[PDB]
Each structure stands twice: as C-alpha cells, then as structure tokens.
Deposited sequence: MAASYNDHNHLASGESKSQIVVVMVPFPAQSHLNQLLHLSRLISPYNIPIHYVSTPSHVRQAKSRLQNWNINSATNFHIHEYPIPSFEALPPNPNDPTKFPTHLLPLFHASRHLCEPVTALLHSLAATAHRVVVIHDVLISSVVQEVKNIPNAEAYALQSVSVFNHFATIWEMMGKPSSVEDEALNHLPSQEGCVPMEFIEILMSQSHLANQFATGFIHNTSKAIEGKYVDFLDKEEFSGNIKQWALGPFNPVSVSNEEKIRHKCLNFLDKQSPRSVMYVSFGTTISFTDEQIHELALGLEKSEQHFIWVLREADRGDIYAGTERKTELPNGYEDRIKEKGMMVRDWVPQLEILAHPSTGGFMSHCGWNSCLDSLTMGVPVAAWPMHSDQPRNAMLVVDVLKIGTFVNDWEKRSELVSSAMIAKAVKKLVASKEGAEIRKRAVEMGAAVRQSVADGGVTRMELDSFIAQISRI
C-alpha cells in the first residue's frame, strides 16, 4: 500500500489548499491522512467549499492538540502589512513534530511507502522522514511559481541563462515581510531542501508553464523534481445572500471586493475604500472582515462605516462581514471583476473563473503574484502604485480602477483575455490537459514499486 500524509501550515489558505489537493488525489484510491490541530481542523472543515468531505472515501483526519499560544488580534498599523500577529502560532505549530513523528513511524510499519505532502513552512514537523527508509516528502510551495522562481533567480545572482523580460522589472520585496518571517522561511526552506524528494506547486502550466520549466532546470532546483498540480480549487461549481444579490444584477456588472484572511486595514483606509466604491457608481459586493487570528475561535473581531453610507449605497452595494462562497461568487455570470490583495489562492480562483483582477497587493508574494496577473498575463489592472505602497490609497484611485474593469472599453478587452485564460485553466485539469498529465505522472511517481 501507498499512503499519503497531508500536513498543512495552520492558516486558512494553507489548510484549504491541501483539502482540495486531497480532493484531487482521492479518485486514485490512495489513502490520505490529513493532520492539524483541533481548532484548525474545525476551521478547515467549517470553511471548506465545493467538496463534500463527508463523502470523501479513503480520507482520515487526525487532530493533534498543541500547547497554548497567544491569539493576538491583527494590528492594522504594522508597517509591513504582514500578519505578524500569527508569530505565536508559527512557534506553537512546531510542536506538531511529536505526534506527526509518531504517526509516520506508525504508518511506515504497514505501508510500502508513506508519502508526506507538507507546507514548506512546516518542514520541521515532518523531518523524521529522512530517518524512515520507506517514507518520502514532497514540499508544497504555496504561491505563484513566478514569485518563487523570481526569488530563487535573484538569490542566484540573476543568471542570464533564462531569458524573460519580466524578470528585469520585478517589484521590490523590501518591507514585504518582517525579519522574523524571513528567518523562519529560510530555515524551513533549507530544511525542506535537505530531505524533499520533490516540490509540488499549486499552479497550472497553462498559467505559468514558462516559469515552471525554468524552475525545474537543474541550475535552479538541482535533482528535486517540480510538479505543477494546480489549480487546487475546483474548475466548476455546482441560496447564499451574496448569490441572491448577484441574481438580481446584469451580466458582468458586479465588482467583488475581498482581501483574503491576512490583510488588516486601518479605519482610514476602510473609509477611503467605502467612498471609492460609491464613487465608482458600479454594483459591488464588499467582504469587509478583519484578518484571521491564529485561532479564529478566540476573542472578538474588530469597523464603523461612514455616516449615512450604508443608506446611500443600498441598491448598488452589498457589504458582508463574514465568510462568503468566494469561488461560487466568481463563477456567477453577474461578476465583472475582482478587487483582490492577490493572495495566490484568490488569484487562482479568479483566473480559473475568467474574472479580471483589480490588483491591490499588500505583503509577502502578493506584488509578484499581481505583476504576473496584470503585467505578464494582461488580465488585470493595478489599484495602488507599488512604489507608493506606504501611502493611503485614495477613494479616487479605487473608483478609477473599478470603473475601468467593469464599465470601460479597455475593461472589456481585459475581460476578454481573462475569459480566454479561464478556458485554458479549466481545460488543463480535464482529460488530456496539462495539469491532468502532471497529476497522472505524480501519482505514478509516488506509487512506484
């Protein structure tokens, strides 16, 4: 027998990624053990969409308690805009090493091979794989390969052996992440480099095959195989209040506005966003929700809308403060654009569904993700100016981006290329598609005898 152990990093997008990778691996009838804390399994199951987990067949969940930690609320005034309030959870999560080490030994006793798919950020938890002869590790790289490869390419001194004009215009990484997270990323990545058999990327070669091909060259990944197995989100969705609202609108007329789970705005920036959406005169859905804590069931979530605002926008705008069915919204005919922080899973969501992006990158991989969507693939527009990222984004800038995407002739041109990208992304997962071929080969790799 072959068995797979999923070990996500305990944060929303990372937990959800490996649930949907499990959805993709499940038709191959390979047993899967999905491992997190009780709180994060609760979170992952509660927010899961477009996968009936209760009918997933060879799928086993393990909930391992970890020591208590500070579930600090987000700090909107963090100059980096990075969710630095998660650092106590980064620390606490390393104590999954003990139960995961026990589980890997237990599974390796009876399986021909134990295949450990883990977030690079949690590599230390699974490092016992290098001590088990019939266990091997595939590290999941969670952001765009463009971002991941461009960073490796810069660390190697920018070799000209790969040609790509976009690499000459990369946005600055400066201040994108706090120094603590630098150290953690380097430490965990170096660990994964020591014992990983391969890396898995949540991307499709239809989106970024050129950069997947560069990264797989021995110059850049030497002997560690790279697999492009995405998008992990479904490529079609089978009534929510947001969807009832969309049902009332004209085709491609609604701007969807949402910033994932790692973004915390100042009250001032929220006010400019409110006024900008009103000044756009477009219909919109605005997901206004504080960033996640390291335990989303701890504490009380923080914002006041401007006086008389929610009355003046009643026909035009829907404002929601909870968890929404993002992919289903993006799949609705009435959705005309997506204002996004350009977290990679939201980029994939939008690309899959053919919805053009109004990009507002904030931290980490988001600026390079955004330059891939807007500048390389040509299916979006920028809300903010990255070289001015410390400045308040004015309501005028926001309204200009929204009207461009939803209302103007140039927006219809961006939308047409977005629609063509969507068709190619959805085809890559069907039979004969490039992602299906990658997944078939990955499955062949991990079940070799």
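Q | Regions of the deposited sequence not represented in the model | A | Gaps vs deposited seq, in order: 1-18, 257-261, 326.
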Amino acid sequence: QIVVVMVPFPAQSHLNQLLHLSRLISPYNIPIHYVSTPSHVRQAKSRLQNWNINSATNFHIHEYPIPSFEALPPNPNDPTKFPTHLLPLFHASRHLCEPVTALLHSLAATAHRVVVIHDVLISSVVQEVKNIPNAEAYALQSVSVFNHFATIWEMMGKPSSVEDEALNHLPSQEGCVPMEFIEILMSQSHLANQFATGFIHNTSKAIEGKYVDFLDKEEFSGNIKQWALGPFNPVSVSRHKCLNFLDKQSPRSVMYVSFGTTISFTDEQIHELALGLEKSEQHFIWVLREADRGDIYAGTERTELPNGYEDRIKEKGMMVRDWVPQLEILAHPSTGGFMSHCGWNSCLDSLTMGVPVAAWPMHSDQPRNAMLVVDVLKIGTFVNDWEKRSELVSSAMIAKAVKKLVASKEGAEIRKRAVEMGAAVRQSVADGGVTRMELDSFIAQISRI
From here on, numbers count along this sequence of modelled residues.
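Q) Between 145-153 and 173-181, which has the higher average C-alpha B-factor in the PDB entry? A) Higher of the two, by average CA B-factor, is 173-181.
Q) Can you tell me which stretch has the higher mean Cα B-factor, 64-72 or 33-41? A) Stretch with the higher mean C-alpha B-factor: 64-72.
Q: Compare the CA B factors listed in the entry for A291, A192, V320, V257 and report the winner.
A: Max CA B-factor in the entry, restricted to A291, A192, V320, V257: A192.
Q. Can you tell me which of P367, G230, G308, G343 has the highest Cα temperature factor in the record?
A. Of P367, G230, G308, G343, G308 has the highest C-alpha B-factor.
**Q.** Record-listed C-alpha B factor of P79: chain third
**A.** As the PDB entry reports it, the C-alpha B-factor of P79 lands in the highest third of its chain.
Q) Considering only modelled residues of the same chain, in which third does the CA B-factor of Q49 rank: lowest, middle or highest? A) According to the entry, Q49 has a C-alpha B-factor in the chain's lowest third.
**Q.** Record-listed C-alpha B factor of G433: chain third
**A.** CA B-factor rank for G433: middle third.
Q: Please rank the C-alpha B-factors of the chain's modelled residues and tell me whether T261 sits in the lowest, middle or highest third.
A: Lowest third - that is where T261 ends up once the chain's C-alpha B-factors are sorted.
Q: Divide the modelled residues of the chain into thirds by Cα B-factor and specify which third, lowest, middle or highest, holds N134.
A: Tercile = highest for this residue's CA B-factor.
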